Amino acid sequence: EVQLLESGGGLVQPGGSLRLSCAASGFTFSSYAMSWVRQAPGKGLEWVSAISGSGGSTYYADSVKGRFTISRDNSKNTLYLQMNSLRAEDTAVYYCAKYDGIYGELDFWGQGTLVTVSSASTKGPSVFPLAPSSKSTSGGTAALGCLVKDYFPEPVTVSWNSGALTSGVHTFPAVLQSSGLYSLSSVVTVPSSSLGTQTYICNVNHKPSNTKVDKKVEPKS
């Protein structure tokens, strides 16, 4: 397929620097313009930078001009955003995106990569079970989950049974505690009859701190 894969985003220091790469595939990169668009969490889209197919021209947003540098290596099929003098307002998911016609329309986008500009420390999460019980049952359905507490920075991915369980799942948005660390919950609603027959294991991955917890969640009465 036509494709765009971001990498290299993650935790970085204020006044620091970071490099963003975009592994293009599925078409010939040499052919069209390219773009970086950022989205600060819970906020709107903001165009950062654009670059022609040769490398010819590069244009930048005002707020990033003189700090950020866009570049493309056609030979290995990759797009770059060199980020210098990182400020707090640069914290954002940065999207790799391909242009189309003379429309200036972006017709395909990568799935983004989080950049966090913070002095705060990395910290892996603790995964506690959210045990099902009768206080967790209401008419053949039983709810259960995992509490992914005290972690920094974003994100954590949570799966259930390696990926085998997707139905009834509700992995919540994270909330920043007063302690400066994030916390989230993933819950699932299953049949109550399966409680002593079927295993339930939440799979938590917090890459920025390199943590990989599998927690078994067992019934309470």
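Counting begins at 1, following the sequence as shown.
Among other compared entries that model residues flanking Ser134, a third or more give it no coordinates. In this entry, 192 to 200 shows the higher mean Cα temperature factor of the pair 192 to 200 and 173 to 181. Averaged over CA atoms, B-factors in the entry run higher in 102 to 110 than in the other of 102 to 110 and 147 to 155. Taking only the listed residues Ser85, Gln82, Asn74, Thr91, the entry reports the highest CA temperature factor at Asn74. Comparing C-alpha B-factors across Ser63, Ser186, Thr69, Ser30 in the deposited entry, the largest value falls on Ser30. For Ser25, the recorded CA temperature factor ranks within the highest third of the chain's modelled residues. For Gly163, the recorded CA temperature factor ranks within the middle third of the chain's modelled residues. Compared with the other modelled residues of the chain, the Cα B-factor recorded for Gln39 ranks in the lowest third. In the deposited entry, the Cα temperature factor of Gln13 sits in the middle third of values across the chain's modelled residues.
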